[PDB]
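Engineer: Sending over target_26.txt (compact mmCIF, C-alpha atoms and all ligand atoms).
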```txt
# COMPACT_ATOMS: atom_id res chain seq x y z
CA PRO L 1060 0.00 0.00 0.00
CA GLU L 1061 2.15 2.99 1.21
CA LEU L 1062 5.27 0.69 1.25
CA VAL L 1063 4.48 -0.03 -2.49
CA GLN L 1064 4.66 3.71 -3.26
CA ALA L 1065 7.72 4.34 -1.03
CA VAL L 1066 9.77 1.74 -2.98
CA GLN L 1067 9.13 3.32 -6.43
CA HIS L 1068 12.39 5.32 -6.34
CA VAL L 1069 14.38 2.09 -5.72
CA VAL L 1070 12.47 -0.08 -8.32
CA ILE L 1071 14.31 -0.59 -11.68
CA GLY L 1072 12.21 -1.22 -14.81
CA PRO L 1073 12.95 -4.36 -16.87
CA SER L 1074 13.59 -2.13 -19.92
CA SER L 1075 16.68 -0.77 -17.96
CA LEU L 1076 18.35 -3.94 -16.53
CA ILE L 1077 20.03 -6.72 -18.57
CA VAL L 1078 21.05 -9.70 -16.39
CA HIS L 1079 23.74 -11.91 -18.01
CA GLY L 1090 20.77 -17.34 -4.79
CA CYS L 1091 23.88 -16.15 -6.67
CA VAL L 1092 25.53 -13.07 -8.31
CA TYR L 1093 25.44 -12.45 -12.08
CA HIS L 1094 27.01 -9.69 -14.28
CA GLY L 1095 24.52 -7.09 -15.53
CA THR L 1096 23.97 -3.71 -17.18
CA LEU L 1097 21.88 -0.86 -15.77
CA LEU L 1098 20.46 2.36 -17.24
CA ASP L 1099 19.39 5.60 -15.46
CA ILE L 1105 26.63 1.11 -16.48
CA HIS L 1106 28.13 -2.22 -15.11
CA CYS L 1107 26.47 -3.88 -12.08
CA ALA L 1108 26.22 -7.14 -10.01
CA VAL L 1109 22.71 -8.65 -9.79
CA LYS L 1110 21.95 -11.04 -6.92
CA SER L 1111 18.92 -13.32 -7.43
CA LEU L 1112 16.76 -14.02 -4.36
CA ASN L 1113 15.57 -17.64 -4.53
CA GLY L 1119 5.41 -11.34 4.39
CA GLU L 1120 9.19 -11.60 3.84
CA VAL L 1121 8.92 -9.48 0.59
CA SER L 1122 7.65 -6.60 2.84
CA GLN L 1123 10.90 -6.65 4.89
CA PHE L 1124 12.97 -6.79 1.66
CA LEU L 1125 11.16 -3.67 0.33
CA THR L 1126 11.80 -1.64 3.52
CA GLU L 1127 15.50 -2.61 3.26
CA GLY L 1128 15.52 -1.07 -0.24
CA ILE L 1129 14.14 2.25 1.14
CA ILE L 1130 16.92 2.29 3.76
CA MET L 1131 19.91 1.18 1.60
CA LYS L 1132 18.95 3.44 -1.35
CA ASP L 1133 19.62 6.47 1.00
CA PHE L 1134 23.28 5.31 1.42
CA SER L 1135 26.03 7.62 0.12
CA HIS L 1136 29.47 6.96 1.62
CA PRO L 1137 32.75 6.02 -0.11
CA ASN L 1138 33.14 2.97 2.18
CA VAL L 1139 29.63 1.53 1.81
CA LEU L 1140 28.47 -0.44 -1.21
CA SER L 1141 25.59 1.53 -2.79
CA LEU L 1142 22.21 0.07 -3.73
CA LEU L 1143 21.61 0.96 -7.41
CA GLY L 1144 18.07 -0.50 -7.28
CA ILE L 1145 15.67 -3.46 -6.91
CA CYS L 1146 13.59 -5.74 -9.27
CA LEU L 1147 10.19 -7.41 -8.92
CA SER L 1152 12.37 -14.02 -7.77
CA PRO L 1153 13.29 -10.44 -6.70
CA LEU L 1154 16.66 -9.00 -7.78
CA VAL L 1155 19.15 -6.73 -5.99
CA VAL L 1156 21.29 -4.46 -8.22
CA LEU L 1157 24.67 -3.44 -6.73
CA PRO L 1158 27.74 -1.73 -8.28
CA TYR L 1159 30.32 -4.16 -9.67
CA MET L 1160 33.37 -4.76 -7.42
CA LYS L 1161 36.42 -5.81 -9.52
CA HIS L 1162 38.62 -7.24 -6.67
CA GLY L 1163 35.79 -9.03 -4.84
CA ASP L 1164 35.63 -9.59 -1.10
CA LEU L 1165 38.30 -8.39 1.36
CA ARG L 1166 38.88 -11.77 3.03
CA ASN L 1167 39.59 -13.56 -0.29
CA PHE L 1168 41.77 -10.61 -1.42
CA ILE L 1169 44.06 -10.79 1.66
CA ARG L 1170 44.42 -14.62 1.03
CA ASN L 1171 45.07 -14.24 -2.78
CA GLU L 1172 48.63 -14.74 -4.20
CA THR L 1173 48.53 -11.89 -6.71
CA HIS L 1174 47.91 -9.23 -4.03
CA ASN L 1175 50.59 -8.38 -1.48
CA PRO L 1176 49.17 -5.42 0.61
CA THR L 1177 51.61 -4.10 3.26
CA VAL L 1178 50.77 -4.05 7.03
CA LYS L 1179 50.03 -0.29 6.64
CA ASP L 1180 47.70 -1.08 3.68
CA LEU L 1181 45.85 -3.62 5.91
CA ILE L 1182 45.46 -1.02 8.67
CA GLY L 1183 44.12 1.37 6.00
CA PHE L 1184 41.54 -1.26 4.87
CA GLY L 1185 40.38 -1.56 8.49
CA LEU L 1186 40.02 2.22 8.79
CA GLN L 1187 37.83 2.30 5.66
CA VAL L 1188 35.64 -0.42 7.23
CA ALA L 1189 35.42 1.70 10.42
CA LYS L 1190 34.37 4.88 8.48
CA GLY L 1191 31.69 3.06 6.49
CA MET L 1192 30.45 1.51 9.75
CA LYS L 1193 30.54 4.97 11.43
CA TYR L 1194 28.24 6.12 8.54
CA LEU L 1195 25.92 3.07 8.95
CA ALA L 1196 25.74 3.72 12.70
CA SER L 1197 25.03 7.48 12.18
CA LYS L 1198 21.91 6.31 10.27
CA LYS L 1199 20.86 3.70 12.93
CA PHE L 1200 21.78 0.75 10.69
CA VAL L 1201 22.67 -2.42 12.60
CA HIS L 1202 24.66 -4.51 10.07
CA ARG L 1203 24.42 -7.89 11.98
CA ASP L 1204 27.05 -9.67 9.84
CA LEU L 1205 30.25 -7.62 9.72
CA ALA L 1206 33.13 -9.82 8.55
CA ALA L 1207 35.91 -9.45 5.96
CA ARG L 1208 33.99 -11.92 3.69
CA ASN L 1209 31.27 -9.20 3.41
CA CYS L 1210 33.48 -6.19 2.52
CA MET L 1211 34.11 -5.60 -1.21
CA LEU L 1212 37.04 -3.86 -3.03
CA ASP L 1213 36.59 -1.74 -6.20
CA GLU L 1214 39.12 -0.91 -9.03
CA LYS L 1215 40.84 1.73 -6.81
CA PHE L 1216 41.12 -0.76 -3.81
CA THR L 1217 38.51 1.23 -1.84
CA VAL L 1218 36.95 -1.00 0.81
CA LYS L 1219 33.13 -0.96 0.75
CA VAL L 1220 31.04 -2.47 3.57
CA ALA L 1221 28.39 -4.83 2.12
CA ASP L 1222 26.27 -7.99 2.93
CA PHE L 1223 26.81 -11.03 0.67
CA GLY L 1224 23.93 -13.15 1.99
CA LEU L 1225 20.91 -11.75 3.98
CA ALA L 1226 21.36 -11.02 7.74
CA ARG L 1227 18.58 -8.60 8.67
CA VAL L 1228 15.80 -10.51 6.78
CA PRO L 1246 28.34 -16.52 12.08
CA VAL L 1247 28.94 -17.28 15.80
CA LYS L 1248 32.76 -16.79 15.75
CA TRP L 1249 32.07 -13.07 14.96
CA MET L 1250 29.01 -12.48 17.22
CA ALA L 1251 29.12 -10.51 20.44
CA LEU L 1252 28.64 -12.25 23.82
CA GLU L 1253 25.15 -10.73 24.29
CA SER L 1254 24.16 -11.77 20.73
CA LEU L 1255 25.21 -15.37 21.42
CA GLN L 1256 23.21 -15.56 24.69
CA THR L 1257 20.17 -13.26 24.03
CA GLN L 1258 20.08 -13.15 20.17
CA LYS L 1259 20.01 -9.28 20.38
CA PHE L 1260 21.99 -7.32 17.73
CA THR L 1261 23.01 -3.64 18.33
CA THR L 1262 25.73 -1.21 17.04
CA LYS L 1263 27.91 -2.26 20.04
CA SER L 1264 27.56 -5.94 18.97
CA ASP L 1265 28.65 -4.82 15.41
CA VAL L 1266 31.73 -3.22 17.10
CA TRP L 1267 32.52 -6.73 18.44
CA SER L 1268 32.28 -8.16 14.86
CA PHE L 1269 34.61 -5.32 13.66
CA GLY L 1270 37.20 -6.38 16.28
CA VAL L 1271 37.18 -9.88 14.73
CA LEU L 1272 37.34 -8.23 11.23
CA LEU L 1273 40.51 -6.36 12.32
CA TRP L 1274 41.99 -9.70 13.46
CA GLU L 1275 41.18 -11.26 10.02
CA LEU L 1276 43.03 -8.36 8.32
CA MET L 1277 46.10 -8.52 10.61
CA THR L 1278 46.28 -12.34 10.14
CA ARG L 1279 45.51 -12.13 6.33
CA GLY L 1280 42.31 -14.21 6.29
CA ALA L 1281 42.91 -16.59 9.19
CA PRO L 1282 39.91 -18.38 10.66
CA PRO L 1283 39.17 -17.01 14.13
CA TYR L 1284 39.05 -19.61 16.98
CA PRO L 1285 40.01 -22.62 14.76
CA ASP L 1286 40.28 -25.04 17.69
CA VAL L 1287 37.08 -23.84 19.44
CA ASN L 1288 33.91 -25.80 18.50
CA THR L 1289 30.87 -23.91 17.14
CA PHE L 1290 28.98 -25.10 20.27
CA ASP L 1291 31.78 -23.95 22.70
CA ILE L 1292 32.46 -20.24 21.91
CA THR L 1293 29.79 -18.90 24.33
CA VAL L 1294 31.41 -20.61 27.31
CA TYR L 1295 34.93 -19.80 25.90
CA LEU L 1296 34.08 -16.05 25.78
CA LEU L 1297 32.28 -16.02 29.19
CA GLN L 1298 35.48 -17.47 30.72
CA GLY L 1299 37.35 -14.28 29.71
CA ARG L 1300 39.30 -15.92 26.89
CA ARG L 1301 39.81 -13.97 23.61
CA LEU L 1302 41.69 -14.07 20.22
CA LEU L 1303 45.43 -13.56 20.61
CA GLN L 1304 47.65 -10.84 19.09
CA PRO L 1305 48.57 -11.45 15.42
CA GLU L 1306 52.35 -11.64 14.73
CA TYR L 1307 52.44 -8.46 12.65
CA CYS L 1308 49.94 -6.40 14.62
CA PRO L 1309 50.97 -3.14 16.34
CA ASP L 1310 50.36 -3.13 20.12
CA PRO L 1311 47.92 -0.12 20.07
CA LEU L 1312 45.88 -1.78 17.27
CA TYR L 1313 45.56 -5.03 19.30
CA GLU L 1314 44.33 -2.97 22.30
CA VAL L 1315 41.55 -1.69 19.97
CA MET L 1316 40.50 -5.29 19.15
CA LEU L 1317 40.41 -6.06 22.92
CA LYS L 1318 38.18 -3.00 23.50
CA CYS L 1319 35.65 -4.32 20.88
CA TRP L 1320 35.55 -7.62 22.84
CA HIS L 1321 34.45 -6.23 26.24
CA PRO L 1322 31.72 -8.43 27.84
CA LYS L 1323 29.70 -5.23 28.44
CA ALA L 1324 28.40 -3.71 25.14
CA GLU L 1325 28.14 -0.35 26.94
CA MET L 1326 31.94 -0.42 27.63
CA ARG L 1327 32.85 -0.90 23.91
CA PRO L 1328 34.23 1.91 21.74
CA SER L 1329 31.71 3.42 19.30
CA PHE L 1330 32.49 3.48 15.54
CA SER L 1331 33.33 7.25 15.79
CA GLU L 1332 35.92 6.41 18.50
CA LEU L 1333 37.36 3.52 16.42
CA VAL L 1334 37.83 5.87 13.40
CA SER L 1335 39.64 8.36 15.66
CA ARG L 1336 41.94 5.65 17.18
CA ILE L 1337 42.67 3.82 13.88
CA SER L 1338 43.36 7.10 12.01
CA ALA L 1339 45.83 8.03 14.81
CA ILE L 1340 47.64 4.62 14.43
CA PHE L 1341 47.71 4.80 10.58
CA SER L 1342 49.16 8.37 10.65
CA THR L 1343 52.10 7.31 12.91
CA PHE L 1344 52.72 3.76 11.56
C1 LIG H 1 23.54 -2.11 -0.31
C2 LIG H 1 24.35 -3.28 0.23
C3 LIG H 1 24.72 -3.08 1.69
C4 LIG H 1 24.38 -4.01 2.66
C5 LIG H 1 24.73 -3.82 3.99
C6 LIG H 1 25.42 -2.69 4.36
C7 LIG H 1 25.77 -1.75 3.41
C8 LIG H 1 25.42 -1.95 2.08
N1 LIG H 1 23.62 -4.56 0.05
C9 LIG H 1 22.25 -4.61 0.10
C10 LIG H 1 21.53 -5.74 -0.04
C11 LIG H 1 20.05 -5.71 0.02
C12 LIG H 1 19.36 -4.72 -0.68
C13 LIG H 1 17.99 -4.70 -0.60
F1 LIG H 1 17.33 -3.73 -1.28
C14 LIG H 1 17.25 -5.60 0.12
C15 LIG H 1 17.97 -6.56 0.80
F2 LIG H 1 17.29 -7.48 1.53
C16 LIG H 1 19.34 -6.64 0.77
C17 LIG H 1 22.25 -6.99 -0.26
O1 LIG H 1 21.73 -8.10 -0.41
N2 LIG H 1 23.63 -6.86 -0.29
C18 LIG H 1 24.37 -5.71 -0.14
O2 LIG H 1 25.59 -5.70 -0.19
```
As a first step, turn the structure in this file into C-alpha cells.

Structural biologist:
Amino acid sequence: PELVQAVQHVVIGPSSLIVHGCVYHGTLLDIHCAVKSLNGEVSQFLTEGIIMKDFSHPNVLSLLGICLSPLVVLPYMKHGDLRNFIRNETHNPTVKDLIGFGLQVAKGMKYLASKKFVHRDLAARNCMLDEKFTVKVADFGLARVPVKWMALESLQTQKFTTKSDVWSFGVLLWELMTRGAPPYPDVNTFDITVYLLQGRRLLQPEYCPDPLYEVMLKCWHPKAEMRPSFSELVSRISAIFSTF
C-alpha cells in the first residue's frame, strides 16, 4: 500500500536492466552492475531497499536498485571480497595497507551507525574492493531478513546492536592482521559462548601493532556499553595509521 509507493524510487524497470541465490554480471540504465537473485518476507525486503537506497558513503556499497524471484542491483566490485583478497597470491598489501583497509571499514560503519543501521554480519567476507582498492562495507547473503564473529550478548540473548557490530569489527581487524585466518580454529561452534564467558579472547597477530591489538580487545568487552563506538574507532585507527 504505502510501502508499495515508497519503494518506487528504488524499483528498476525491466527495460533498464540486462542480467547476463547467486551473483550475475549485468547492465543498468538511469553502467556495469552485479545482480543477486533471491531464490510477508517481501515486505521486509522492500523496507530494506528504502533504507539502503539512501546510502552515500565512499566505504559503503551503494544500492543501485531493486527488481520485482526479486533482484538486488549493486555496483560491480572488480577485486571481490576483502577476506579472499588478503588470502590471494597476486595481491601483497603491506601491514600499513591492511590497517588502511580496516580504517575504511570503520568509516563506512561509522556512517551506517550514524543512520541507525545495525549490520548484523560484519566480517571481511562481506566487505568488497573496487578498481581503486577502496573497501566498501556490504552484505553477501541476507542477515537482517556466524557465531565466531558475534558478540557475547548476541550469542546468549540473540540481540543485535551497534555495540555488537563493534565486536564483529574487532574480529574483522583480526582477520586483516592475520591475512584471512579463521578465528578460533580449535574452538567448536557449540563452545564459543562458554569460551568467551570465561574471559578468553583471540590472541595478538604476529604483525599487529600493540595499540591496534588494544583496539581489538576494546571491541571484545563483555559489556556492550563499555565498547568503543564506531566514531571512537575511526579516531583511534586514524591516529595509528598516521604514525605507523
Ligand atoms: C547495499 C548493500 C549493503 C548491505 C549492507 C550494508 C551496506 C550496504 N547490500 C544490500 C543488499 C540488500 C538490498 C535490498 F534492497 C534488500 C535486501 F534485503 C538486501 C544486499 O543483499 N547486499 C548488499 O551488499

Engineer: Counting only C-alpha atoms, select every polymer residue within 10 Å of (23.3, -8.3, 11.6) as defined in the file's coordinates, and provide the selection as number ranges by chain.

Structural biologist: L: 1200-1205, 1222, 1225-1228, 1246, 1250, 1254, 1259-1262, 1264-1265, 1268

Engineer: Grab me every residue within 7 Å of ligand LIG 1 (chain H), counting all atoms listed in the file, and send it over as a PDB file with C-alpha atoms, in the coordinates of the input.

Structural biologist:
```
ATOM      1  CA  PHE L1124      12.970  -6.790   1.660  1.00  0.00           C
ATOM      2  CA  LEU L1125      11.160  -3.670   0.330  1.00  0.00           C
ATOM      3  CA  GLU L1127      15.500  -2.610   3.260  1.00  0.00           C
ATOM      4  CA  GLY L1128      15.520  -1.070  -0.240  1.00  0.00           C
ATOM      5  CA  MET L1131      19.910   1.180   1.600  1.00  0.00           C
ATOM      6  CA  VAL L1139      29.630   1.530   1.810  1.00  0.00           C
ATOM      7  CA  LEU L1140      28.470  -0.440  -1.210  1.00  0.00           C
ATOM      8  CA  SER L1141      25.590   1.530  -2.790  1.00  0.00           C
ATOM      9  CA  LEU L1142      22.210   0.070  -3.730  1.00  0.00           C
ATOM     10  CA  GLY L1144      18.070  -0.500  -7.280  1.00  0.00           C
ATOM     11  CA  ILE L1145      15.670  -3.460  -6.910  1.00  0.00           C
ATOM     12  CA  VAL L1155      19.150  -6.730  -5.990  1.00  0.00           C
ATOM     13  CA  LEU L1157      24.670  -3.440  -6.730  1.00  0.00           C
ATOM     14  CA  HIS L1202      24.660  -4.510  10.070  1.00  0.00           C
ATOM     15  CA  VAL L1220      31.040  -2.470   3.570  1.00  0.00           C
ATOM     16  CA  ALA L1221      28.390  -4.830   2.120  1.00  0.00           C
ATOM     17  CA  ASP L1222      26.270  -7.990   2.930  1.00  0.00           C
ATOM     18  CA  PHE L1223      26.810 -11.030   0.670  1.00  0.00           C
ATOM     19  CA  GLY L1224      23.930 -13.150   1.990  1.00  0.00           C
ATOM     20  CA  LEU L1225      20.910 -11.750   3.980  1.00  0.00           C
ATOM     21  CA  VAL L1228      15.800 -10.510   6.780  1.00  0.00           C
TER      22      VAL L1228
END
```

Engineer: For residue 1107 (chain L), work out the shell of residues within 9 Å, counting all atoms listed in the file and skipping chain neighbours fewer than 3 positions away, then give it as a PyMOL selection string.

Structural biologist: chain L and resi 1093-1097+1143+1156-1160

Engineer: Keeping only C-alpha atoms, write those residues as a PDB file, in the frame of the given file.

Structural biologist:
```pdb
ATOM      1  CA  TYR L1093      25.440 -12.450 -12.080  1.00  0.00           C
ATOM      2  CA  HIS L1094      27.010  -9.690 -14.280  1.00  0.00           C
ATOM      3  CA  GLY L1095      24.520  -7.090 -15.530  1.00  0.00           C
ATOM      4  CA  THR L1096      23.970  -3.710 -17.180  1.00  0.00           C
ATOM      5  CA  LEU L1097      21.880  -0.860 -15.770  1.00  0.00           C
ATOM      6  CA  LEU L1143      21.610   0.960  -7.410  1.00  0.00           C
ATOM      7  CA  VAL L1156      21.290  -4.460  -8.220  1.00  0.00           C
ATOM      8  CA  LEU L1157      24.670  -3.440  -6.730  1.00  0.00           C
ATOM      9  CA  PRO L1158      27.740  -1.730  -8.280  1.00  0.00           C
ATOM     10  CA  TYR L1159      30.320  -4.160  -9.670  1.00  0.00           C
ATOM     11  CA  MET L1160      33.370  -4.760  -7.420  1.00  0.00           C
TER      12      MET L1160
END
```

Engineer: Counting all atoms listed in the file, which residues have an atom no more than 10 Å from (49.3, 0.9, 19.0) in the file's coordinates? Please list them as an MDAnalysis selection string.

Structural biologist: chainID L and resid 1308:1315 1336:1337 1339:1341 1343:1344

Engineer: Neighbours of residue 1266 (chain L) within 9 Å (all atoms listed in the file; same-chain residues fewer than 3 positions away dropped), as a PyMOL selection string?

Structural biologist: chain L and resi 1192+1205+1251+1261-1263+1269-1271+1319-1320+1324+1327-1330+1333

Engineer: Would you mind reading off the distance between CA of residue 1134 (chain L) and CA of residue 1219 (chain L), one decimal, in Å?

Structural biologist: 11.7 Å

Engineer: Go through L:1279, L:1146, L:1165, L:1110 one by one, measure the shortest atom-to-atom distance of each to residue 1071 (chain L) using all atoms listed in the file, and give the residue with the smallest value.

Structural biologist: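 Result for the nearest residue to residue 1071 (chain L): L:1146.
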
Engineer: What separation in Å, quoted to one decimal, exists between CA of residue 1181 (chain L) and CA of residue 1276 (chain L)?

Structural biologist: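 Those two atoms sit 6.0 Å apart.
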
Engineer: How far is it from CA of residue 1298 (chain L) to CA of residue 1332 (chain L), in Å with one decimal?

Structural biologist: 26.8 Å

Engineer: For residue 1338 (chain L), which of L:1300, L:1179, L:1248, L:1199 is the closest residue, counting all atoms listed in the file?

Structural biologist: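 Closest to residue 1338 (chain L), using all atoms listed in the file: L:1179.
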
Engineer: Please determine, counting only C-alpha atoms, which residue among L:1182, L:1294, L:1121, L:1129 has the shortest atom-to-atom distance to residue 1278 (chain L).

Structural biologist: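 Closest candidate: L:1182.
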
Engineer: Taking all atoms listed in the file into account, name the residue in L:1281, L:1154, L:1066, L:1252 that is nearest to residue 1090 (chain L).

Structural biologist: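 So, comparing all the options, the nearest one is L:1154.
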
Engineer: Please report, as JSON, the centre and edge lengths in Å to one decimal of an axis-aligned box covering all listed atoms of region 1222-1254 of chain L with 4 Å per side.

Structural biologist:
```
{"center_x": 24.3, "center_y": -12.6, "center_z": 12.5, "size_x": 25.0, "size_y": 17.3, "size_z": 31.6}
```

Engineer: Go through L:1217, L:1287, L:1166, L:1180 one by one, measure the shortest atom-to-atom distance of each to residue 1275 (chain L) using only C-alpha atoms, and give the residue with the smallest value.

Structural biologist: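 Ranking L:1217, L:1287, L:1166, L:1180 by distance to residue 1275 (chain L), first place goes to L:1166.
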
Engineer: Just checking: using only C-alpha atoms, which residue out of L:1169, L:1302, L:1063, L:1178 ends up closest to residue 1285 (chain L)?

Structural biologist: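 Checking each candidate against residue 1285 (chain L), we get L:1302 as the closest.
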
Engineer: Which residues come within 12 Å of residue 1216 (chain L), counting only C-alpha atoms, excluding same-chain residues fewer than 6 positions away, as a ChimeraX atom specification?

Structural biologist: /L:1137-1138,1160-1165,1168-1169,1174,1176,1180-1181,1183-1184,1187,1210
